[PDB]
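# Notes for the structure review
So the chains spell out like this:
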Amino acid sequence: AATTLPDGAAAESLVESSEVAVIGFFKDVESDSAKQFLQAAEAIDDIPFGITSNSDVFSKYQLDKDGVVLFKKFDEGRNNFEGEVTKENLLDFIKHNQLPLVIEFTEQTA
């Protein structure tokens, strides 16, 4: 489930509340692009998912339009979801954000 962030004040405190946390920036949470977000968020419950359509949260990360990104303390610290917004894609972004690689196998392909 995703929480309701009032403004950028929560976007910064959220990432601090837990090591792994994500926050989307949808301009029309009542649209379809937002529906998939919550649905895909319902999959994981241990992660503090957050979502807001305010403007102070958008101008914060300089977002000319809507966009969903994740927030973590390790690795880079920020991400940038692309392609289209869909439950199948969201579950991939998350799993692709937190949890770094692993010393095992070597992707035998090339």
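- This entry, as listed in the PDB, derives from solution NMR.

## What to know about the sheet that holds strand β1 (residues 2–4)
- One open sheet accounts for four strands, arranged β1-β3-β2-β4; its pairing is mixed. In the strand order of this sheet, the two ends are held by β1 and β4 (67–72), each with one partner. Taking each pair of neighbouring strands and ignoring which way they run, the sheet shows an average axis angle of 25°.
- In this sheet, strand β3 (residues 49–52) lies alongside β1 in parallel orientation, the contact comprising three bridges. Counterpart to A2 in the pairing with β3 is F49.
- The sheet contacts of helix α1 (residues 8–17) involve β1, β2 (20–25), β3 and β4, and relative to β2 the element is tilted by about 155°.

## Some thoughts on the nonpolar core
- Core analysis: the largest hydrophobic core is formed by 17 residues, its most contacted members being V22, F26, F37 and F49.
- In terms of residue count, the dominant contributor to this core is helix α2 (residues 32–43) (four residues).
- Ignoring any residue separated from it by four or fewer positions in sequence, one finds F26 in contact with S33, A34, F37, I51, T52, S53, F58, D66, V68 and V85.
- The next biggest cluster of nonpolar side chains, apart from the first, holds 13 residues, and it includes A11, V15, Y61 and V69.

Scoring rules and cut-offs
Residues numbered from 1 in each chain as written, not as in the entry; some residues may be left out. Heavy atoms only, no water. Pairing = 2+ DSSP bridges. Helix = DSSP H or I, 4+ residues; strand = E, 2+ residues; numbered from the N terminus. Axes fitted to C-alpha atoms, helices over the stretch in contact; angles between N-to-C directions. Contact = heavy atoms within 4.5 Å. Core = buried A, V, L, I, M, F, W, Y, C linked by side-chain atoms within 4.5 Å. Buried < 20%, exposed > 50% of the residue type's maximum accessible area, 1.4 Å probe, protein only.

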